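J.: Sharing a structure below in structure tokens format, with a few things to ask.
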Amino acid sequence: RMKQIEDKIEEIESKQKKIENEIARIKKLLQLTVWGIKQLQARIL
Amino acid sequence: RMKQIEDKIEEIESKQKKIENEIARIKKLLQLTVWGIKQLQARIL
Amino acid sequence: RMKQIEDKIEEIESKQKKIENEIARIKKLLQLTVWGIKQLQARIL
Ligand SMILES: [Cl-]
């Protein structure tokens with residue numbers, strides 16, 4: 001029973017790391033889109 | 001303590017699935033914004 | 001062994017709450033980028 005809990009925790013921690021990595025990718029891409037939009041705003045000023 | 005832990009695991013797993021689904025929705029919307037920015041760059045050229 | 005499991009659970013719960021707060025912040029920024037793109041699209045309709 002405790003082994004099964006411990007193993008479930010490993011799977012959850014693994015999935016949580018995949019989630020943190022996806023959030024980091026999202027943040028980088030969102031930064032790039034904000035920069036892109038600001039470049040377009042400056043062009044039409 | 002074991003049963004409480006199992007109940008908490010079930011909760012965590014449920015929320016993790018919801019988080020994964022929200023990340024998938026965010027990624028799709030972010031891709032649409034990248035396409036929208038590229039279409040504006042194309043158009044100004 | 002049981003206290004180690006409980007401490008790890010608590011750590012996973014706290015990281016999950018932080019992930020949910022990060023997702024909320026990303027969604028608000030993404031909505032702003034969408035409205036910024038729409039504004040730019042208009043300035044060329
Ligand atoms: Cl065991």
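Following the order of the structure tokens, first chain is A, next is B, and so on, with residues numbered from 1 inside each chain and ligands from 1 in the order they appear.
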May I have the residues within 12 Å of region 8-17 of chain B as a ChimeraX atom specification, using only C-alpha atoms and disregarding those fewer than 5 positions away in the same chain?
T.: /A:4-20 /B:1-3,22-24 /C:5-6,8-17,19-20
J.: Just the selected residues (C-alpha atoms), exported as a PDB file, in the first residue's frame, please.
T.:
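And here's result.pdb as it stands now:
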ATOM      1  CA  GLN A   4       1.725   2.148  -4.408  1.00  0.00           C
ATOM      2  CA  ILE A   5       1.329   5.628  -2.868  1.00  0.00           C
ATOM      3  CA  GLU A   6       5.042   6.346  -3.286  1.00  0.00           C
ATOM      4  CA  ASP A   7       4.880   5.217  -6.895  1.00  0.00           C
ATOM      5  CA  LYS A   8       1.817   7.383  -7.512  1.00  0.00           C
ATOM      6  CA  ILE A   9       3.684  10.356  -6.063  1.00  0.00           C
ATOM      7  CA  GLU A  10       6.539   9.729  -8.549  1.00  0.00           C
ATOM      8  CA  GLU A  11       4.097   9.783 -11.457  1.00  0.00           C
ATOM      9  CA  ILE A  12       2.466  12.995 -10.129  1.00  0.00           C
ATOM     10  CA  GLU A  13       5.851  14.727  -9.580  1.00  0.00           C
ATOM     11  CA  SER A  14       6.886  13.740 -13.145  1.00  0.00           C
ATOM     12  CA  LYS A  15       3.706  15.152 -14.591  1.00  0.00           C
ATOM     13  CA  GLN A  16       4.111  18.348 -12.497  1.00  0.00           C
ATOM     14  CA  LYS A  17       7.630  18.804 -13.939  1.00  0.00           C
ATOM     15  CA  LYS A  18       6.211  18.447 -17.507  1.00  0.00           C
ATOM     16  CA  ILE A  19       3.617  21.072 -16.599  1.00  0.00           C
ATOM     17  CA  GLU A  20       6.268  23.517 -15.232  1.00  0.00           C
TER      18      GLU A  20
ATOM     19  CA  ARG B   1      -3.002   8.511   7.414  1.00  0.00           C
ATOM     20  CA  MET B   2      -2.737   6.188   4.373  1.00  0.00           C
ATOM     21  CA  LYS B   3      -6.431   6.538   3.455  1.00  0.00           C
ATOM     22  CA  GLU B  22      -6.178  24.345 -19.546  1.00  0.00           C
ATOM     23  CA  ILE B  23      -2.575  24.299 -20.790  1.00  0.00           C
ATOM     24  CA  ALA B  24      -3.794  22.669 -24.025  1.00  0.00           C
TER      25      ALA B  24
ATOM     26  CA  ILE C   5       4.774  10.841   2.220  1.00  0.00           C
ATOM     27  CA  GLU C   6       2.621  13.517   3.862  1.00  0.00           C
ATOM     28  CA  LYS C   8       5.755  15.311  -0.218  1.00  0.00           C
ATOM     29  CA  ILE C   9       1.989  15.547  -0.718  1.00  0.00           C
ATOM     30  CA  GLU C  10       1.994  18.968   0.940  1.00  0.00           C
ATOM     31  CA  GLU C  11       4.845  20.043  -1.353  1.00  0.00           C
ATOM     32  CA  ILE C  12       2.922  18.824  -4.441  1.00  0.00           C
ATOM     33  CA  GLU C  13      -0.223  20.663  -3.304  1.00  0.00           C
ATOM     34  CA  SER C  14       1.689  23.906  -2.861  1.00  0.00           C
ATOM     35  CA  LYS C  15       3.328  23.654  -6.261  1.00  0.00           C
ATOM     36  CA  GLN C  16      -0.049  22.891  -7.807  1.00  0.00           C
ATOM     37  CA  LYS C  17      -1.534  26.066  -6.284  1.00  0.00           C
ATOM     38  CA  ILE C  19       0.863  26.488 -11.135  1.00  0.00           C
ATOM     39  CA  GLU C  20      -2.853  27.497 -10.943  1.00  0.00           C
TER      40      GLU C  20
END
J.: Can you work out the spacing between CA of residue 39 (chain C) and CA of residue 30 (chain B) in Å, to one decimal?
T.: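 Interatomic distance, CA of residue 39 (chain C) to CA of residue 30 (chain B): 16.9 Å.
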J.: Suppose you want the space between CA of residue 41 (chain B) and CA of residue 38 (chain A); what is it in Å?
T.: 12.1 Å
J.: How large is the C-alpha RMSD when chain B is optimally fitted onto chain A, using all Cα positions paired one-to-one in sequence order?
T.: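 The RMSD between chain B and chain A over C-alpha atoms is 0.5 Å.
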J.: Please compute the CA of residue 29 (chain B)-CA of residue 35 (chain C) distance, one decimal, in Å.
T.: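 Going from CA of residue 29 (chain B) over to CA of residue 35 (chain C) covers 12.5 Å.
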J.: Based on only C-alpha atoms, which of the residues in chain A come within 7 Å of chain B? I want them as a short mmCIF file (atom, residue, chain, number, x, y, z; two decimals) with N, CA, C and O atoms, in the first residue's frame.
T.:
data_model
loop_
_atom_site.label_atom_id
_atom_site.label_comp_id
_atom_site.auth_asym_id
_atom_site.auth_seq_id
_atom_site.Cartn_x
_atom_site.Cartn_y
_atom_site.Cartn_z
N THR A 33 5.33 37.22 -28.37
CA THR A 33 4.14 37.83 -29.01
C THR A 33 3.92 39.26 -28.53
O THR A 33 3.53 40.11 -29.34
N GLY A 36 6.30 41.29 -30.44
CA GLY A 36 5.82 41.39 -31.83
C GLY A 36 4.72 42.42 -31.97
O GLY A 36 4.68 43.22 -32.94
N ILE A 37 3.76 42.42 -31.07
CA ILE A 37 2.65 43.37 -31.10
C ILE A 37 3.23 44.77 -30.89
O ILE A 37 2.82 45.72 -31.59
#
